[PDB]
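Engineer: Okay, handing you the structure first.
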Amino acid sequence: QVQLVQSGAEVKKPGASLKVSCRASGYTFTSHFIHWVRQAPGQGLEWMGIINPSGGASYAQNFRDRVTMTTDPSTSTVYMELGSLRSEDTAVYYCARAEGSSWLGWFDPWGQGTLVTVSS
Amino acid sequence: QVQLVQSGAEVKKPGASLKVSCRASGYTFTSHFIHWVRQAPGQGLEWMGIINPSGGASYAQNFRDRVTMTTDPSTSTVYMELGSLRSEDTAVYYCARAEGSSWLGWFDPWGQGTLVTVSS
Amino acid sequence: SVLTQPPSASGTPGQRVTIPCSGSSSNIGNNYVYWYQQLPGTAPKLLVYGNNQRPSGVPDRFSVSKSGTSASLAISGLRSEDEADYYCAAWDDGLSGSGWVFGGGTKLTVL
Amino acid sequence: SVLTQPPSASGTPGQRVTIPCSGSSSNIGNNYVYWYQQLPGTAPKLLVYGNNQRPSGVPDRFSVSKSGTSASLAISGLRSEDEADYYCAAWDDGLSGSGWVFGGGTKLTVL
Amino acid sequence: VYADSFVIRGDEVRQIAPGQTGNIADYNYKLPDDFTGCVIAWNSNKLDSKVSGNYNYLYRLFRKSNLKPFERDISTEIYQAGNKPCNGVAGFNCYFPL
């Protein structure tokens, strides 16, 4: 009834560009903040950043300067553009929603997870 | 006479079991610990098991779960049963004794030794 | 990296296992803390959030408490499904930046 | 096969015979050293125990010393009947198991 | 100087330091975080350990809740899993606590 769909991703060369989509349905899209999170194998978790459904966005300072957001509050889609990749950034990405007030809240929706890796 | 007598290993068939009886004479059974020694041809001395004169026992780390070994303070005799024979049995075995306090002790009694040979 | 967690945890079924998470004033000393449980081949779920309320669809056996500047989560009635990785989250503010830091994690399993 | 022993020893006639027994600090530094003489085809016999007391009836032609974490046996005036086997015995702690692991065996040749 | 003498296994030497927790550091003898100082430990294989086996020491495995630090624990009430009372012999969800 409510669930988020992402784009399946495959191997990418280092220093390439990635355009990952997030489509949400079953709830008012322009009412909840969006958290994107990244998990690396053999490590904990790191949240990519926070997005307003209709407006700008904010990023973790360590992962800034290489991540770009675009919003489209018509077909209910949220995009990541990633650039200047390396072999050590292979990971899994999740797109999720949060409470309408951001920060302290409940996170019921979660990302299906998309894998990015480098190999030949 | 003060001697530990153990019967040598005879020829057998696959799927059978070997019974060895070690008996102490010339001294009281409840006076010295019972110890196992192994010596391969062209090799030093290895030890397998410990049986206290009255108490528990220490099995063989390599030969565990398939060697039957206990104590009986009635005839001053102990019985060892071996199953699942293998070519590693080709050695000489000493059913020796040590001091009554273990650790820093004198190995006053020695056994003649049993020659065990398994081949196909 | 700031959040400290035990490397791993274990316990016999039917026991009670307690997992700690120790931070500082920036992480836990001012605001709420969340606990997250991850299962092999599954999306993350919710264990405790808001520190005084429990979500729907989860058993209330997952006991939670705050000991000063640390969080503690105790589990009873351990079963096979309990085998999971536990993290602690807390909005943290630092002299260089601020973020939604997650815990190091603790692998909880039975042999 | 952690312990190392020479395969054999050679030297000109009329020279003192020195045999070094060196191991670790757990079996020699922290524990007493037992010195056994083993005849060819005969069970080993304890000759030297504790480095302080000796059994009666043993001539003092053989000498033994302990330095650091090693020991040295010195025999003066080698004869043709001195060709035998010699064993070092001490209590050692192994990763697989801890116990009384003895040496392999030293063989001497006289031309 | 409060000298506390007790015997523990050789696998749990790490937890004796202040700060760490575990099955032994919170069920039997919890060490406060503000404990300034250290401990003294050594091997006792040649003194306490025996070939025939030593069974002179015990520690708690199950508790209703974490006990107050430095408060002595003496009572050894039995423990249960289910709400139904169990008495007599063993059975379903009826196990020896220690």
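All residue names refer to the structure tokens as shown: chains lettered A, B, ... in order, residues numbered from 1 in each chain, ligands numbered from 1 in order.
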Residues within 10 Å of residue C:33, please, as number ranges by chain. Count only C-alpha atoms; anything in the same chain fewer than 5 positions from it doesn't count.

Structural biologist: A: 104; C: 21, 27-28, 48-51, 66, 70-71, 88-91, 102

Engineer: Those residues with N, CA and C atoms, as an mmCIF file, in the first residue's frame please?

Structural biologist:
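Below is the file that was written, out_9.cif:
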data_model
loop_
_atom_site.group_PDB
_atom_site.id
_atom_site.type_symbol
_atom_site.label_atom_id
_atom_site.label_comp_id
_atom_site.auth_asym_id
_atom_site.auth_seq_id
_atom_site.Cartn_x
_atom_site.Cartn_y
_atom_site.Cartn_z
ATOM 1 N N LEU A 104 13.858 14.705 15.229
ATOM 2 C CA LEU A 104 13.279 13.716 16.127
ATOM 3 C C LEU A 104 11.962 13.193 15.571
ATOM 4 N N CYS C 21 24.980 1.638 24.833
ATOM 5 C CA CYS C 21 25.450 2.615 23.857
ATOM 6 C C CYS C 21 25.813 3.884 24.611
ATOM 7 N N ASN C 27 25.828 13.968 21.689
ATOM 8 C CA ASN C 27 25.043 12.901 21.077
ATOM 9 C C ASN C 27 23.804 12.564 21.903
ATOM 10 N N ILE C 28 23.997 12.242 23.180
ATOM 11 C CA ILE C 28 22.917 11.768 24.038
ATOM 12 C C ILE C 28 22.592 12.734 25.168
ATOM 13 N N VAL C 48 13.177 1.021 19.616
ATOM 14 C CA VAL C 48 12.737 2.079 20.517
ATOM 15 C C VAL C 48 13.050 3.428 19.883
ATOM 16 N N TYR C 49 12.085 4.338 19.980
ATOM 17 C CA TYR C 49 12.191 5.687 19.446
ATOM 18 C C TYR C 49 11.419 6.602 20.383
ATOM 19 N N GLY C 50 11.912 7.824 20.563
ATOM 20 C CA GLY C 50 11.341 8.737 21.527
ATOM 21 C C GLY C 50 11.639 8.401 22.969
ATOM 22 N N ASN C 51 12.107 7.185 23.247
ATOM 23 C CA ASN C 51 12.607 6.745 24.545
ATOM 24 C C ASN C 51 11.512 6.613 25.594
ATOM 25 N N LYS C 66 17.461 4.699 29.995
ATOM 26 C CA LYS C 66 18.552 5.663 29.905
ATOM 27 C C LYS C 66 19.263 5.708 31.250
ATOM 28 N N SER C 70 24.012 7.400 28.846
ATOM 29 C CA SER C 70 24.114 6.182 28.059
ATOM 30 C C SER C 70 22.726 5.584 27.894
ATOM 31 N N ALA C 71 22.573 4.775 26.852
ATOM 32 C CA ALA C 71 21.335 4.060 26.589
ATOM 33 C C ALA C 71 21.568 2.569 26.780
ATOM 34 N N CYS C 88 22.658 2.401 17.570
ATOM 35 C CA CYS C 88 22.057 3.500 18.309
ATOM 36 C C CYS C 88 22.294 4.799 17.554
ATOM 37 N N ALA C 89 21.233 5.584 17.395
ATOM 38 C CA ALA C 89 21.264 6.820 16.630
ATOM 39 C C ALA C 89 20.916 7.999 17.525
ATOM 40 N N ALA C 90 21.512 9.150 17.222
ATOM 41 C CA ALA C 90 21.248 10.363 17.984
ATOM 42 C C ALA C 90 21.733 11.592 17.229
ATOM 43 N N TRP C 91 20.859 12.576 17.032
ATOM 44 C CA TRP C 91 21.275 13.804 16.368
ATOM 45 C C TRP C 91 22.390 14.465 17.162
ATOM 46 N N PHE C 102 24.876 7.437 13.328
ATOM 47 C CA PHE C 102 24.462 6.108 13.747
ATOM 48 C C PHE C 102 25.570 5.453 14.562
#

Engineer: Based on the backbone DSSP call, show me all residues of chain B assigned strand (DSSP E or B), as an NGL selection string.

Structural biologist: :B and (3-6 or 17-25 or 34-39 or 45-51 or 57-58 or 67-69 or 77-83 or 91-97 or 111 or 114-116)

Engineer: Would you pick out the contacts of stretch 4-14 of chain D at 9 Å or less, using only C-alpha atoms, so that residues sharing its chain but fewer than 4 positions from it are not included, and give the list as a short mmCIF file (atom, residue, chain, number, x, y, z; two decimals) with N, CA, C and O atoms, in the first residue's frame?

Structural biologist:
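After the write, out.cif holds the following:
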data_model
loop_
_atom_site.label_atom_id
_atom_site.label_comp_id
_atom_site.auth_asym_id
_atom_site.auth_seq_id
_atom_site.Cartn_x
_atom_site.Cartn_y
_atom_site.Cartn_z
N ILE D 19 76.48 -29.33 24.48
CA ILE D 19 75.16 -29.49 23.89
C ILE D 19 74.26 -28.39 24.44
O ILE D 19 74.04 -28.32 25.65
N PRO D 20 73.75 -27.49 23.60
CA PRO D 20 72.82 -26.46 24.08
C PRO D 20 71.36 -26.87 24.00
O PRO D 20 70.91 -27.36 22.96
N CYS D 21 70.62 -26.69 25.09
CA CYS D 21 69.18 -26.90 25.12
C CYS D 21 68.52 -25.55 25.36
O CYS D 21 68.60 -25.00 26.47
N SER D 22 67.89 -24.99 24.33
CA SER D 22 67.28 -23.67 24.40
C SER D 22 65.82 -23.76 23.99
O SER D 22 65.50 -24.39 22.97
N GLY D 23 64.95 -23.14 24.78
CA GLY D 23 63.53 -23.11 24.48
C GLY D 23 62.92 -21.75 24.73
O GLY D 23 63.40 -20.74 24.21
N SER D 76 83.59 -33.40 29.54
CA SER D 76 85.02 -33.33 29.32
C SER D 76 85.60 -34.73 29.21
O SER D 76 85.21 -35.63 29.96
N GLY D 77 86.53 -34.91 28.28
CA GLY D 77 87.13 -36.21 28.06
C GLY D 77 86.17 -37.20 27.43
O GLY D 77 85.78 -38.18 28.06
N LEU D 78 85.79 -36.94 26.18
CA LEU D 78 84.85 -37.81 25.49
C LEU D 78 85.45 -39.19 25.26
O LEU D 78 86.63 -39.33 24.93
N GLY D 103 61.63 -33.96 23.58
CA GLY D 103 62.36 -33.73 22.35
C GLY D 103 62.16 -34.83 21.33
O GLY D 103 61.45 -35.81 21.55
N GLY D 104 62.81 -34.65 20.18
CA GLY D 104 62.72 -35.62 19.11
C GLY D 104 63.77 -36.71 19.20
O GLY D 104 63.44 -37.90 19.15
N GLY D 105 65.03 -36.32 19.35
CA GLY D 105 66.11 -37.28 19.46
C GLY D 105 67.39 -36.84 18.77
O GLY D 105 67.35 -36.34 17.64
N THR D 106 68.52 -37.03 19.44
CA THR D 106 69.83 -36.65 18.91
C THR D 106 70.67 -37.91 18.74
O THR D 106 70.76 -38.73 19.65
N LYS D 107 71.28 -38.05 17.56
CA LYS D 107 72.10 -39.21 17.23
C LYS D 107 73.52 -38.75 16.95
O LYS D 107 73.74 -37.80 16.20
N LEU D 108 74.49 -39.43 17.57
CA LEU D 108 75.90 -39.11 17.42
C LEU D 108 76.61 -40.21 16.63
O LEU D 108 76.28 -41.39 16.74
N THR D 109 77.59 -39.80 15.84
CA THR D 109 78.37 -40.70 15.01
C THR D 109 79.85 -40.52 15.31
O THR D 109 80.34 -39.39 15.35
N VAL D 110 80.55 -41.63 15.54
CA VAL D 110 81.99 -41.63 15.78
C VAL D 110 82.65 -42.45 14.68
O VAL D 110 82.28 -43.60 14.45
#

Engineer: Please identify all polymer residues within 12 Å of residue C:57, counting only C-alpha atoms, omitting same-chain residues fewer than 4 positions from it, and present them as a list in words.

Structural biologist: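 Selected residues are residues 108 of chain A; 45, 46 and 47 of chain C.
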
Engineer: If I take atom CA of residue B:54 and atom CA of residue B:7, how far is one from the other in Å, to one decimal?

Structural biologist: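 If I compute the distance from atom CA of residue B:54 to atom CA of residue B:7, I get 22.7 Å.
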
Engineer: Hey, could you lay chain B over chain A with a least-squares C-alpha fit (all atoms, paired in order) and save it as a short mmCIF file (atom, residue, chain, number, x, y, z; two decimals) with N, CA and C atoms, in the first residue's frame?

Structural biologist:
data_model
loop_
_atom_site.label_atom_id
_atom_site.label_comp_id
_atom_site.auth_asym_id
_atom_site.auth_seq_id
_atom_site.Cartn_x
_atom_site.Cartn_y
_atom_site.Cartn_z
N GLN B 1 0.81 1.14 -3.69
CA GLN B 1 1.22 0.72 -2.36
C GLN B 1 2.21 1.72 -1.76
N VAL B 2 2.22 1.82 -0.44
CA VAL B 2 3.11 2.75 0.27
C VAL B 2 4.52 2.17 0.21
N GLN B 3 5.33 2.68 -0.72
CA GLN B 3 6.67 2.15 -0.92
C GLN B 3 7.53 3.21 -1.59
N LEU B 4 8.81 3.26 -1.21
CA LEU B 4 9.78 4.12 -1.88
C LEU B 4 10.68 3.25 -2.74
N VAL B 5 10.65 3.50 -4.05
CA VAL B 5 11.34 2.68 -5.04
C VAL B 5 12.54 3.46 -5.55
N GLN B 6 13.72 2.84 -5.48
CA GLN B 6 14.95 3.42 -5.98
C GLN B 6 15.71 2.37 -6.77
N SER B 7 16.24 2.77 -7.92
CA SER B 7 16.94 1.86 -8.81
C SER B 7 18.36 1.63 -8.32
N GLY B 8 18.79 0.37 -8.37
CA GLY B 8 20.13 0.02 -7.93
C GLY B 8 21.20 0.54 -8.86
N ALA B 9 22.42 0.62 -8.32
CA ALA B 9 23.55 1.11 -9.09
C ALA B 9 24.06 0.03 -10.03
N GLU B 10 24.14 0.36 -11.31
CA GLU B 10 24.61 -0.57 -12.32
C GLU B 10 26.10 -0.35 -12.61
N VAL B 11 26.66 -1.22 -13.44
CA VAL B 11 28.05 -1.08 -13.85
C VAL B 11 28.19 0.14 -14.75
N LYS B 12 29.36 0.78 -14.69
CA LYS B 12 29.61 1.99 -15.46
C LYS B 12 31.09 2.03 -15.82
N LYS B 13 31.52 3.18 -16.32
CA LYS B 13 32.88 3.41 -16.80
C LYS B 13 33.44 4.65 -16.13
N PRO B 14 34.77 4.74 -16.02
CA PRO B 14 35.37 5.95 -15.44
C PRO B 14 35.02 7.19 -16.27
N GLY B 15 34.81 8.30 -15.57
CA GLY B 15 34.44 9.55 -16.21
C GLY B 15 32.96 9.72 -16.48
N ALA B 16 32.13 8.74 -16.14
CA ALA B 16 30.70 8.80 -16.35
C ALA B 16 30.00 9.25 -15.07
N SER B 17 28.67 9.27 -15.10
CA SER B 17 27.86 9.66 -13.96
C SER B 17 26.76 8.63 -13.74
N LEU B 18 26.41 8.42 -12.47
CA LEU B 18 25.37 7.48 -12.08
C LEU B 18 24.11 8.24 -11.69
N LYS B 19 22.98 7.85 -12.27
CA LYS B 19 21.70 8.48 -11.98
C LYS B 19 20.82 7.50 -11.22
N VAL B 20 20.32 7.93 -10.06
CA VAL B 20 19.43 7.13 -9.23
C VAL B 20 18.14 7.90 -9.03
N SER B 21 17.01 7.25 -9.29
CA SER B 21 15.70 7.87 -9.18
C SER B 21 14.96 7.26 -7.99
N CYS B 22 14.54 8.11 -7.06
CA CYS B 22 13.79 7.68 -5.89
C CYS B 22 12.37 8.22 -6.00
N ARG B 23 11.39 7.32 -5.96
CA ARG B 23 9.99 7.66 -6.15
C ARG B 23 9.18 7.16 -4.97
N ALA B 24 8.26 7.99 -4.47
CA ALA B 24 7.40 7.63 -3.35
C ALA B 24 6.01 7.30 -3.89
N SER B 25 5.43 6.20 -3.42
CA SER B 25 4.10 5.78 -3.83
C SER B 25 3.29 5.39 -2.61
N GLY B 26 1.97 5.49 -2.74
CA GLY B 26 1.06 5.16 -1.67
C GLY B 26 0.77 6.29 -0.70
N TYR B 27 1.45 7.42 -0.82
CA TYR B 27 1.20 8.57 0.04
C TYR B 27 1.65 9.82 -0.69
N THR B 28 1.11 10.96 -0.25
CA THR B 28 1.43 12.23 -0.88
C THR B 28 2.89 12.59 -0.65
N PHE B 29 3.54 13.11 -1.70
CA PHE B 29 4.95 13.45 -1.60
C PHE B 29 5.18 14.55 -0.57
N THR B 30 4.31 15.55 -0.53
CA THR B 30 4.48 16.68 0.38
C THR B 30 3.90 16.31 1.75
N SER B 31 4.34 15.18 2.30
CA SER B 31 3.92 14.77 3.63
C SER B 31 5.04 14.21 4.49
N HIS B 32 6.19 13.85 3.93
CA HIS B 32 7.29 13.27 4.70
C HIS B 32 8.61 13.73 4.10
N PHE B 33 9.60 13.94 4.97
CA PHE B 33 10.93 14.32 4.52
C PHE B 33 11.66 13.12 3.93
N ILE B 34 12.62 13.40 3.06
CA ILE B 34 13.37 12.37 2.35
C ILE B 34 14.79 12.35 2.89
N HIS B 35 15.27 11.17 3.27
CA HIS B 35 16.52 11.01 4.00
C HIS B 35 17.36 9.93 3.35
N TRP B 36 18.68 10.11 3.39
CA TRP B 36 19.62 9.14 2.85
C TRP B 36 20.31 8.37 3.97
N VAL B 37 20.43 7.05 3.78
CA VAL B 37 21.09 6.16 4.74
C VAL B 37 22.12 5.34 3.98
N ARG B 38 23.30 5.16 4.58
CA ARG B 38 24.34 4.31 4.02
C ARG B 38 24.74 3.24 5.03
N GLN B 39 24.93 2.02 4.54
CA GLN B 39 25.38 0.91 5.39
C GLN B 39 26.44 0.13 4.64
N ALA B 40 27.66 0.14 5.16
CA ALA B 40 28.74 -0.64 4.59
C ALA B 40 28.67 -2.08 5.09
N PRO B 41 29.22 -3.03 4.33
CA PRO B 41 29.24 -4.42 4.80
C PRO B 41 30.00 -4.55 6.11
N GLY B 42 29.38 -5.22 7.08
CA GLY B 42 29.97 -5.33 8.41
C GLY B 42 30.12 -4.00 9.10
N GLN B 43 29.13 -3.12 8.97
CA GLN B 43 29.19 -1.78 9.54
C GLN B 43 27.76 -1.31 9.79
N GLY B 44 27.64 -0.29 10.63
CA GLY B 44 26.35 0.26 10.99
C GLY B 44 25.77 1.14 9.89
N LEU B 45 24.95 2.09 10.31
CA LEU B 45 24.23 2.96 9.39
C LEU B 45 24.80 4.37 9.42
N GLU B 46 25.02 4.93 8.23
CA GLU B 46 25.49 6.30 8.07
C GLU B 46 24.50 7.05 7.19
N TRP B 47 24.37 8.35 7.42
CA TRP B 47 23.42 9.17 6.68
C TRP B 47 24.15 10.28 5.94
N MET B 48 23.66 10.60 4.74
CA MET B 48 24.32 11.55 3.86
C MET B 48 23.54 12.84 3.66
N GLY B 49 22.30 12.75 3.17
CA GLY B 49 21.60 13.93 2.71
C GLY B 49 20.15 13.96 3.14
N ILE B 50 19.59 15.17 3.08
CA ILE B 50 18.20 15.45 3.43
C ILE B 50 17.58 16.28 2.31
N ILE B 51 16.39 15.89 1.87
CA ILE B 51 15.59 16.69 0.95
C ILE B 51 14.20 16.85 1.55
N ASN B 52 13.81 18.10 1.80
CA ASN B 52 12.48 18.36 2.31
C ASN B 52 11.44 18.13 1.21
N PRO B 53 10.21 17.76 1.57
CA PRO B 53 9.17 17.62 0.55
C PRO B 53 8.92 18.90 -0.23
N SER B 54 9.07 20.06 0.41
CA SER B 54 8.93 21.34 -0.28
C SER B 54 9.79 22.35 0.47
N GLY B 55 10.96 22.66 -0.09
CA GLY B 55 11.87 23.59 0.55
C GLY B 55 13.30 23.35 0.08
N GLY B 56 14.24 23.69 0.95
CA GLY B 56 15.65 23.53 0.65
C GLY B 56 16.13 22.11 0.77
N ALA B 57 17.45 21.93 0.92
CA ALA B 57 18.01 20.60 1.08
C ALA B 57 19.34 20.72 1.82
N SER B 58 19.75 19.61 2.43
CA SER B 58 21.02 19.50 3.14
C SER B 58 21.86 18.45 2.43
N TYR B 59 23.03 18.86 1.94
CA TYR B 59 23.90 17.99 1.18
C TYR B 59 24.72 17.11 2.12
N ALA B 60 25.68 16.39 1.55
CA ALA B 60 26.57 15.54 2.32
C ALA B 60 27.87 16.28 2.59
N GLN B 61 28.29 16.28 3.86
CA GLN B 61 29.53 16.97 4.22
C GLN B 61 30.73 16.35 3.52
N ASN B 62 30.80 15.02 3.49
CA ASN B 62 31.91 14.35 2.83
C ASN B 62 31.77 14.36 1.31
N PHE B 63 30.55 14.27 0.80
CA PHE B 63 30.28 14.13 -0.63
C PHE B 63 29.77 15.43 -1.24
N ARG B 64 30.28 16.57 -0.78
CA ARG B 64 29.83 17.86 -1.26
C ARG B 64 30.54 18.25 -2.56
N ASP B 65 29.90 19.15 -3.30
CA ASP B 65 30.42 19.77 -4.52
C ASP B 65 30.58 18.79 -5.68
N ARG B 66 30.15 17.54 -5.52
CA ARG B 66 30.23 16.58 -6.62
C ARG B 66 29.00 15.68 -6.73
N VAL B 67 27.96 15.91 -5.94
CA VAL B 67 26.73 15.13 -6.00
C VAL B 67 25.59 16.06 -6.37
N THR B 68 24.87 15.73 -7.44
CA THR B 68 23.73 16.52 -7.89
C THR B 68 22.47 15.96 -7.24
N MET B 69 21.77 16.80 -6.48
CA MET B 69 20.60 16.35 -5.73
C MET B 69 19.63 17.51 -5.57
N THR B 70 18.39 17.29 -5.99
CA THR B 70 17.35 18.32 -6.00
C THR B 70 16.00 17.65 -5.75
N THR B 71 14.93 18.43 -5.88
CA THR B 71 13.57 17.95 -5.68
C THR B 71 12.68 18.46 -6.80
N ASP B 72 11.59 17.73 -7.05
CA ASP B 72 10.63 18.07 -8.10
C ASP B 72 9.25 17.60 -7.67
N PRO B 73 8.36 18.53 -7.27
CA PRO B 73 7.01 18.16 -6.82
C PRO B 73 6.00 18.03 -7.96
N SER B 74 6.39 17.32 -9.02
CA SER B 74 5.50 17.06 -10.15
C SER B 74 5.17 15.58 -10.28
N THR B 75 6.19 14.72 -10.38
CA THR B 75 6.00 13.28 -10.46
C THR B 75 6.29 12.59 -9.13
N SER B 76 6.51 13.35 -8.06
CA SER B 76 6.88 12.80 -6.75
C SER B 76 8.14 11.94 -6.85
N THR B 77 9.10 12.39 -7.66
CA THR B 77 10.34 11.68 -7.88
C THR B 77 11.52 12.63 -7.69
N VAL B 78 12.63 12.09 -7.22
CA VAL B 78 13.87 12.84 -7.07
C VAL B 78 14.99 12.09 -7.77
N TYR B 79 15.99 12.84 -8.23
CA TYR B 79 17.10 12.29 -8.99
C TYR B 79 18.41 12.67 -8.32
N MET B 80 19.29 11.68 -8.15
CA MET B 80 20.62 11.89 -7.58
C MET B 80 21.66 11.47 -8.61
N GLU B 81 22.59 12.36 -8.90
CA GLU B 81 23.67 12.12 -9.85
C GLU B 81 25.00 12.09 -9.12
N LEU B 82 25.77 11.03 -9.36
CA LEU B 82 27.06 10.81 -8.73
C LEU B 82 28.15 10.85 -9.79
N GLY B 83 29.22 11.59 -9.50
CA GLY B 83 30.37 11.65 -10.39
C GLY B 83 31.65 11.42 -9.61
N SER B 84 32.72 11.16 -10.36
CA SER B 84 34.04 10.88 -9.80
C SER B 84 33.98 9.68 -8.84
N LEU B 85 33.67 8.53 -9.43
CA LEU B 85 33.46 7.31 -8.67
C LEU B 85 34.72 6.92 -7.90
N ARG B 86 34.51 6.13 -6.85
CA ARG B 86 35.60 5.69 -5.99
C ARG B 86 35.20 4.38 -5.33
N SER B 87 36.21 3.68 -4.80
CA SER B 87 35.98 2.38 -4.16
C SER B 87 35.16 2.49 -2.88
N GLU B 88 34.99 3.69 -2.33
CA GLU B 88 34.20 3.87 -1.12
C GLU B 88 32.71 3.69 -1.34
N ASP B 89 32.27 3.59 -2.59
CA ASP B 89 30.85 3.47 -2.90
C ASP B 89 30.26 2.11 -2.57
N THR B 90 31.09 1.12 -2.23
CA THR B 90 30.60 -0.23 -1.99
C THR B 90 29.83 -0.32 -0.68
N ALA B 91 28.51 -0.18 -0.76
CA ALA B 91 27.64 -0.23 0.41
C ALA B 91 26.21 -0.48 -0.06
N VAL B 92 25.26 -0.34 0.86
CA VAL B 92 23.84 -0.39 0.54
C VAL B 92 23.21 0.93 0.98
N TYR B 93 22.39 1.50 0.11
CA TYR B 93 21.83 2.83 0.31
C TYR B 93 20.32 2.74 0.47
N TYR B 94 19.81 3.45 1.47
CA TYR B 94 18.38 3.51 1.77
C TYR B 94 17.89 4.92 1.48
N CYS B 95 16.93 5.04 0.56
CA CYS B 95 16.26 6.30 0.30
C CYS B 95 14.98 6.30 1.13
N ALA B 96 15.13 6.60 2.41
CA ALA B 96 14.06 6.42 3.37
C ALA B 96 13.32 7.74 3.61
N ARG B 97 12.31 7.68 4.47
CA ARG B 97 11.53 8.84 4.85
C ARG B 97 11.36 8.86 6.37
N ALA B 98 10.88 9.99 6.87
CA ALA B 98 10.70 10.18 8.31
C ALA B 98 9.38 10.90 8.53
N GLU B 99 9.18 11.40 9.75
CA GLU B 99 7.96 12.11 10.08
C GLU B 99 7.94 13.48 9.39
N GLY B 100 6.79 14.14 9.48
CA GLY B 100 6.61 15.45 8.89
C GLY B 100 7.10 16.61 9.72
N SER B 101 7.67 16.35 10.90
CA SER B 101 8.15 17.41 11.77
C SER B 101 9.63 17.29 12.11
N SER B 102 10.33 16.28 11.57
CA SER B 102 11.75 16.06 11.83
C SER B 102 12.04 15.86 13.31
N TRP B 103 13.32 15.85 13.68
CA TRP B 103 13.76 15.70 15.06
C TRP B 103 13.17 14.44 15.69
N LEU B 104 12.19 14.62 16.59
CA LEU B 104 11.51 13.49 17.22
C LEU B 104 10.43 13.00 16.27
N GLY B 105 10.78 12.01 15.44
CA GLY B 105 9.85 11.49 14.46
C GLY B 105 10.04 10.00 14.25
N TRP B 106 9.02 9.39 13.66
CA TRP B 106 9.01 7.97 13.38
C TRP B 106 9.39 7.73 11.92
N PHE B 107 10.28 6.76 11.71
CA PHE B 107 10.74 6.40 10.36
C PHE B 107 9.83 5.33 9.76
N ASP B 108 8.57 5.71 9.55
CA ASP B 108 7.58 4.74 9.08
C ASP B 108 7.92 4.11 7.74
N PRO B 109 8.32 4.84 6.70
CA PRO B 109 8.68 4.18 5.44
C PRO B 109 10.15 3.79 5.39
N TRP B 110 10.39 2.64 4.75
CA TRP B 110 11.74 2.17 4.48
C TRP B 110 11.85 1.79 3.00
N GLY B 111 13.08 1.86 2.49
CA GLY B 111 13.37 1.48 1.13
C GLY B 111 14.04 0.12 1.06
N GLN B 112 13.96 -0.51 -0.12
CA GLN B 112 14.60 -1.81 -0.30
C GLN B 112 16.11 -1.71 -0.19
N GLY B 113 16.69 -0.65 -0.74
CA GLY B 113 18.13 -0.45 -0.68
C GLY B 113 18.79 -0.77 -2.00
N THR B 114 19.78 0.04 -2.37
CA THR B 114 20.55 -0.15 -3.59
C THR B 114 21.96 -0.58 -3.22
N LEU B 115 22.43 -1.65 -3.84
CA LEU B 115 23.78 -2.16 -3.61
C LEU B 115 24.72 -1.52 -4.62
N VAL B 116 25.63 -0.68 -4.13
CA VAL B 116 26.59 0.03 -4.97
C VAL B 116 27.96 -0.58 -4.74
N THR B 117 28.59 -1.03 -5.83
CA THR B 117 29.92 -1.62 -5.76
C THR B 117 30.78 -1.03 -6.87
N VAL B 118 31.92 -0.47 -6.49
CA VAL B 118 32.88 0.10 -7.43
C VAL B 118 34.21 -0.59 -7.22
N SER B 119 34.76 -1.16 -8.29
CA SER B 119 36.02 -1.88 -8.22
C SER B 119 36.73 -1.79 -9.56
N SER B 120 38.04 -2.01 -9.53
CA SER B 120 38.85 -1.96 -10.74
C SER B 120 39.41 -3.34 -11.08
#

Engineer: Using only C-alpha atoms, which protein or nucleic acid residues come within 8 Å of residue C:73? Drop anything in the same chain fewer than 6 positions from it, and give the result as an MDAnalysis selection string.

Structural biologist: chainID C and resid 18:20 62:65

Engineer: Would you list which chain E residues are within 12 Å of chain B using only C-alpha atoms, as an MDAnalysis selection string?

Structural biologist: chainID E and resid 45:47 49:54

Engineer: Limited to N, CA and C atoms, could you put the picked residues into a file as an mmCIF file, in the first residue's frame?

Structural biologist:
data_model
loop_
_atom_site.group_PDB
_atom_site.id
_atom_site.type_symbol
_atom_site.label_atom_id
_atom_site.label_comp_id
_atom_site.auth_asym_id
_atom_site.auth_seq_id
_atom_site.Cartn_x
_atom_site.Cartn_y
_atom_site.Cartn_z
ATOM 1 N N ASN E 45 46.898 -21.816 38.183
ATOM 2 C CA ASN E 45 46.823 -23.204 37.739
ATOM 3 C C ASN E 45 47.541 -24.133 38.709
ATOM 4 N N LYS E 46 48.683 -23.697 39.239
ATOM 5 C CA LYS E 46 49.469 -24.523 40.146
ATOM 6 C C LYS E 46 48.946 -24.509 41.577
ATOM 7 N N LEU E 47 47.971 -23.661 41.893
ATOM 8 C CA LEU E 47 47.458 -23.547 43.252
ATOM 9 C C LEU E 47 46.001 -23.961 43.371
ATOM 10 N N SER E 49 43.794 -24.797 40.419
ATOM 11 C CA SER E 49 43.429 -25.804 39.433
ATOM 12 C C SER E 49 43.972 -27.169 39.837
ATOM 13 N N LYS E 50 43.166 -28.203 39.606
ATOM 14 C CA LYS E 50 43.522 -29.564 39.972
ATOM 15 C C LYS E 50 43.192 -30.499 38.818
ATOM 16 N N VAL E 51 43.983 -31.569 38.699
ATOM 17 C CA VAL E 51 43.740 -32.569 37.664
ATOM 18 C C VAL E 51 42.387 -33.236 37.874
ATOM 19 N N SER E 52 42.044 -33.535 39.126
ATOM 20 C CA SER E 52 40.770 -34.156 39.432
ATOM 21 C C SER E 52 39.571 -33.240 39.354
ATOM 22 N N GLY E 53 39.788 -31.934 39.225
ATOM 23 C CA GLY E 53 38.691 -30.996 39.105
ATOM 24 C C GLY E 53 38.413 -30.217 40.374
ATOM 25 N N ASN E 54 38.201 -28.912 40.238
ATOM 26 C CA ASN E 54 37.893 -28.033 41.357
ATOM 27 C C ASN E 54 36.509 -27.435 41.154
#
